[PDB]
Number of protein chains: 2
Amino acid sequence: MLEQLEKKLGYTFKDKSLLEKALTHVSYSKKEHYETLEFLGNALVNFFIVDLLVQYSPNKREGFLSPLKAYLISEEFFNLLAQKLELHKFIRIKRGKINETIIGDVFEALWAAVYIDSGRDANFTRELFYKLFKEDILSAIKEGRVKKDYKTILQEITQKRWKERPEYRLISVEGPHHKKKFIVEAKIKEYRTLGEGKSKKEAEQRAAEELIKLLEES
Amino acid sequence: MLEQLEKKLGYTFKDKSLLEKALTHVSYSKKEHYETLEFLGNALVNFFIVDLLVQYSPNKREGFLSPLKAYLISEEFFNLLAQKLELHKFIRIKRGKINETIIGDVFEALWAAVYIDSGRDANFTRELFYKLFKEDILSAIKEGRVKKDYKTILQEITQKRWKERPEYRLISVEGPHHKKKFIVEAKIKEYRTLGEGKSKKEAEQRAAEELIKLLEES
RNA sequence: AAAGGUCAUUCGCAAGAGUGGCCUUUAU
RNA sequence: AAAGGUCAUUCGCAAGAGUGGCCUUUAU
Ligand SMILES: [Mg+2]
Ligand SMILES: [Mg+2]
């Protein structure tokens, strides 16, 4: 079973218990799970990615590098990189389903495990990591594009035009506690739009997206 | 002069312009300054710190490791570790004076410089880093303690007791725009307290501290 | 950690930038 | 990234825990 993953990883563990720990969620084993390895892998993987980002990024301005780095270490991207490994069929869990949060954390812990198993050889681990994902990362860096959210876009418009910030007002809150529906109002000067979502922010983001369009019509 | 810093670092650079760039603020050189190196150094050092932290921490709980890690990569701590280096006498800058934010950023950039100049040798750089600071880090980790802020403590108190959170509002704002004084009000149930500070958060932190007392005195 | 506004101050013919304080938005 | 409250759900005699939703605090 593990031999398969080791083959996809291109690395054979000296300590197989270290590899399964990385693959084990707290629900399956409360004494030997990946939580602490995840803490380490996050730092480790963060380093490998930044190093690539600094070398190959077309734009080295902080406002570009920071948002892009955040995406390159996001759960989303990690799940994207993990596909190749098929972690979903090596992961051990009980009270839960192997969602994208679990996958991303196991991905991080998995890299910490390799690092440790190899006698804490960062250089070796970085290369193994690059041999597997360098191209995929450089690819995403080349097609890198920072995109602002509506709430941010809106206040930059209003701070430019009237040097003021839009007022977000909570209008309604319906539904059961585990699935609420929020209706918020965005207002600037005398303009006001509405927005709804499953969270205040989502609702405000919708509201803001409207106030922008509203303002375009002038 | 650079030779003096290399002796403190315990490493001789092949590319001196690299060491120089790490020491150079944008005010002194618009084209070759430490901004990008700082980006990378932060990631590299974060990894050095975390690795030590997962191996030597008294407590491995997320709620302990996280707050503690935050302090271990904070500007405050880096200035502490950087003292020994006397970076203040090596940093190049025009517009301003070498403050703790500068020192902290140059500390990070410097390690990025060492990393790159050594041909991206992570193991080497890590050991050089430890040779200089492992002792100080282990010591801080041994004294490691999570310090909660008043606002956090207040809502945990009010949420345990009443399942509700305190509320803040600004009472008044005094002084010039570049030096304001805020007076804020903190409340829970029928209890209200005031606090003042150079910012809303400082004011609220102060107000929260007062309300905690008010609650103890019942 | 990044983004916008703003006050002060510094460099600058200008453009524009540095530094310090404040407000807000985003991400983790 | 961490902390606290809350709803749902799963495991549990209980304590307590896991997973999903929401609110909030902190840090960068
Ligand atoms: Mg994670
Ligand atoms: Mg920094």
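As a basis for the values below, the full set of heavy atoms in this structure was taken, side chains included, without hydrogen atoms, waters or symmetry mates. Order of the sequence lines fixes the chain letters, A, B, ..., with proteins taken first and strands second; residue numbering starts at 1 for each chain.
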- Message: Once you measure the plane-to-plane angle for B:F107 and B:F78, does it fall in the parallel (<30°), tilted (30-60°) or perpendicular (>60°) bin?
- Response: tilted
- Item | Consecutive-base stack D:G12 to D:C13 per 5.5 Å / 30° rule | no
- Query: Reckon A:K97 touches a base, only the sugar-phosphate, or nothing at all at heavy-atom distances under 4.0 Å?
  - Reply: nothing
- Item | Pairwise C1' distance for C:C13 and C:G4, with rounding to whole Å | 29 Å
- Query: Does any donor atom in the side chain of B:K134 or B:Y56 lie under 3.5 Å from an acceptor atom in the other side chain?
  - Reply: yes
- Item | Given RNA chain D, 5'-ward residue of the pair B:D149 and B:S66, judged by closest heavy atom | B:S66
- Base, sugar-phosphate alone, or nothing: which one does A:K198 contact when heavy atoms must sit under 4.0 Å apart? sugar-phosphate
- Query: In whole Å, what separates the P atom of C:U24 from that of D:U24?
  - Reply: 15 Å
- Query: Of B:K151 and B:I157, whose nearest nucleotide on RNA chain D comes first from the 5' end?
  - Reply: B:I157
- Item | C:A17 and C:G12, which share atom name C1', separated by this distance in whole Å | 9 Å
- Taking atom P in both C:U26 and D:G20, what distance in whole Å separates the two? 23 Å
- Does A:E209 come within less than 4.0 Å of A:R206, counting only side-chain N to carboxylate O? no
- Query: With a 4.0 Å cut-off on heavy atoms, is A:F64 in touch with a base, just the backbone sugar-phosphate, or nothing at all?
  - Reply: nothing
- Item | Under 3.5 Å on both distances, the Watson-Crick or G-U partner of C:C22 | C:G5
- Message: Just by distance, no angles: are the side chains of A:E174 and A:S172 close enough, under 3.5 Å, to form a donor-acceptor pair?
- Response: yes
- Query: Under a 3.5 Å cut-off for both distances, is C:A27 Watson-Crick or wobble paired, and to whom?
  - Reply: D:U28
- Without hydrogens or angle criteria, can the side chains of A:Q159 and A:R165 be said to hold a donor-acceptor pair below 3.5 Å? no
- Note on the structure: Heavy-atom nearest nucleotide on RNA chain C taken for B:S199 and for B:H25; more 5' hit belongs to B:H25
- Message: Taking any heavy-atom pair under 4.0 Å as a contact, classify A:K160: base, sugar-phosphate, or nothing.
- Response: nothing
- Between B:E38 and B:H177, the residue closer to the 5' end of RNA chain C by nearest nucleotide is B:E38
- Item | Under 3.5 Å on both distances, the Watson-Crick or G-U partner of C:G12 | none
- Answer with yes or no after comparing the ring centroid distance for B:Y115 and B:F48 against a 6.0 Å cut-off, counting only values under it. no
- Would you classify A:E62 as touching base, sugar-phosphate or nothing, given that sugar-phosphate means primed atoms plus P, OP1 and OP2, and contacts are heavy atoms under 4.0 Å? sugar-phosphate
- Is the NZ or CZ atom of B:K147 positioned over B:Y71's six-membered ring, under 6.0 angstrom from the centre and within 45° of the axis? no
- Task: Remember a base hit wins even if backbone is also touched, and classify B:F182 as base, sugar-phosphate or nothing at under 4.0 Å, heavy atoms.
- Result: sugar-phosphate
- Query: Expressed in whole Å, how much space separates the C1' atoms belonging to C:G21 and C:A14?
  - Reply: 28 Å
- Item | P atoms of C:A3 and D:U25, separation to the nearest Å | 24 Å
- Is B:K60 salt-bridged to A:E35, cutoff N-O under 4.0 Å? no
- Task: With heavy atoms under 4.0 Å as the rule, sort B:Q159 into base, sugar-phosphate or nothing.
- Result: base
- Query: Looking only at atom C1', what distance separates D:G5 and C:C23, rounded to whole Å?
  - Reply: 29 Å
- Going 5' to 3' along RNA chain D, which nucleotides are the first and last within contact of chain B (any atom under 4.0 Å from a heavy atom)? D:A1 to D:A27
- Query: Looking for any heavy atom pair under 4.0 Å, which part of the strands does B:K94 touch: base, sugar-phosphate only, or nothing?
  - Reply: nothing
